[PDB]
Colleague: 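I am attaching a structure below and will ask some questions about it afterwards.
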Amino acid sequence: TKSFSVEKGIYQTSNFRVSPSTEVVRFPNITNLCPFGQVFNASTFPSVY
Amino acid sequence: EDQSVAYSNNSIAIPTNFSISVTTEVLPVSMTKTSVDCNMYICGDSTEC
Ligand SMILES: *[C@@H]1O[C@H](CO)[C@@H](O[C@@H]2O[C@H](CO)[C@@H](O)[C@H](O)[C@H]2NC(C)=O)[C@H](O)[C@H]1NC(C)=O
Ligand SMILES: *[C@@H]1O[C@H](CO)[C@@H](O)[C@H](O)[C@H]1NC(C)=O
């Protein structure tokens with residue numbers, strides 16, 4: 001309640017108290033590099049048709 | 001149903017015994033008290049939202 005003075009009673013509040021600190025980044029166990037050759041570093045490309 | 005009766009100008013009906021009847025009247029009074037956290041519903045756990 002956006003004020004510096006509060007009247008007597010019971011009120012409902014937001015969280016305002018806990019925030020995360022750490023991080024979990026678990027991804028699969030692959031490691032082989034994708035074949036950017038023969039797609040970018042290739043000898044011949046086909047016709048558009 | 002129809003119970004047509006015409007008229008009379010010298011007759012009167014008197015009831016000779018009675019019955020005590022107990023009836024039930026059903027009336028709502030109050031409804032459930034519900035509160036909403038606007039930020040949690042709209043945005044959840046995102047700071048940008
Ligand atoms: C009007 O009075 C008569 C009696 O004069 C009632 O008939 C009696 O009903 C009760 C039960 O409620 C019995 O125990 C009695 O035995 C009955 N009569 C007698 C004295 O034998 C009648 O029920 C009363 N009015 C209404 C329509 O309830
Ligand atoms: C009503 O009452 C009067 C009294 O004089 C009588 O003449 C008349 O016939 C009555 N009519 C009915 C509705 O019976």
Side-chain angles (χ1 to χ4, degrees):
Chain A
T1 59
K2 291 174 70 175
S3 67
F4 279 95
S5 296
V6 178
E7 295 293 328
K8 167 173 66 68
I10 177 170
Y11 305 84
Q12 293 82 17
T13 65
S14 175
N15 191 0
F16 283 122
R17 72 189 70 185
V18 298
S19 314
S21 179
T22 67
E23 188 82 27
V24 186
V25 186
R26 298 177 83 51
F27 273 3
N29 49 4
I30 67 188
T31 180
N32 203 321
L33 277 296
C34 295
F36 283 145
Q38 295 177 356
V39 175
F40 294 107
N41 206 19
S43 174
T44 307
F45 270 28
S47 296
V48 63
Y49 87 101
Chain B
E1 191 66 28
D2 196 337
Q3 199 181 3
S4 74
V5 54
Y7 189 47
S8 183
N9 91 341
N10 65 23
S11 179
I12 189 58
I14 311 286
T16 79
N17 222 6
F18 49 85
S19 184
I20 292 297
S21 177
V22 175
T23 68
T24 52
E25 175 156 25
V26 174
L27 279 164
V29 168
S30 52
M31 65 179 288
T32 313
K33 292 152 59 176
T34 296
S35 66
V36 65
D37 198 318
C38 186
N39 172 236
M40 218 201 293
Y41 179 87
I42 298 299
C43 294
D45 50 344
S46 163
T47 79
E48 293 82 3
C49 183

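Naming: A, B, ... by sequence-line order, numbering from 1 per chain. Every heavy atom of this structure was used, including side-chain atoms; hydrogens, water molecules and symmetry mates were not.
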Colleague: Hey, is CG on A:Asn41 packed in by over 12 heavy atoms from elsewhere, all under 6.0 Å?
Modeller: no
Colleague: Can you tell if the side chain of A:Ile30 reaches within under 4.5 Å of the side chain of A:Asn32, non-hydrogen atoms only?
Modeller: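 A side-chain contact is absent here, since even the closest heavy-atom pair is not under 4.5 Å.
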Colleague: Are A:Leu33 and A:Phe36 joined in one hydrophobic group, where the rule is that I, L, V, M, F, W and Y side chains link up if heavy atoms are under 4.5 Å apart?
Modeller: no
Colleague: Are there over 12 heavy-atom neighbours, none belonging to B:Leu27, within less than 6.0 Å of that residue's CG?
Modeller: yes
Colleague: Does atom CZ of A:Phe45 have more than 12 heavy-atom neighbours, drawn from other residues, nucleotides or ligands, at distances under 6.0 Å?
Modeller: yes
Colleague: Please say whether more than 12 non-hydrogen atoms of neighbouring residues, nucleotides or ligands are located less than 6.0 Å from OH in A:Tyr11.
Modeller: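 Enclosed.
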Colleague: I'd like to check B:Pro15 versus B:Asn17 (side-chain heavy atoms, cut-off strictly below 4.5 Å). Are they in contact?
Modeller: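 With C-beta onward as the side chain, the pair stays apart.
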Colleague: Answer yes or no: is there a side-chain heavy-atom contact under 4.5 Å between A:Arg26 and A:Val24?
Modeller: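 They are in contact (side-chain heavy atoms under 4.5 Å apart), so the answer is yes.
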Colleague: Does B:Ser46 use its side chain to pair, donor to acceptor, with the backbone of B:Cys49 at less than 3.5 Å?
Modeller: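 Side chain of B:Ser46 to backbone of B:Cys49: a pair is present.
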Colleague: To the nearest 0.5 Å, how far apart are SG in B:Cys43 and CD in B:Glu48?
Modeller: 10.0 Å
Colleague: Once you round to the nearest 0.5 Å, how far does CG of B:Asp37 lie from CD1 of B:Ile42?
Modeller: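 Reported value, rounded in 0.5 Å steps: 10.0 Å.
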Colleague: Tell me whether A:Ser47 contacts the main-chain N or O of A:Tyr49 through its side chain, where contact means a donor paired with an acceptor under 3.5 Å.
Modeller: no
Colleague: Looking at OG1 of A:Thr1 and CD of A:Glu7, how far apart are the two atoms once the value is rounded to the nearest 0.5 Å?
Modeller: 10.5 Å
Colleague: Apply side-chain contact (heavy atoms from CB on, under 4.5 Å) to A:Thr31 and list each qualifying residue two or more places apart in sequence or on a separate chain.
Modeller: none
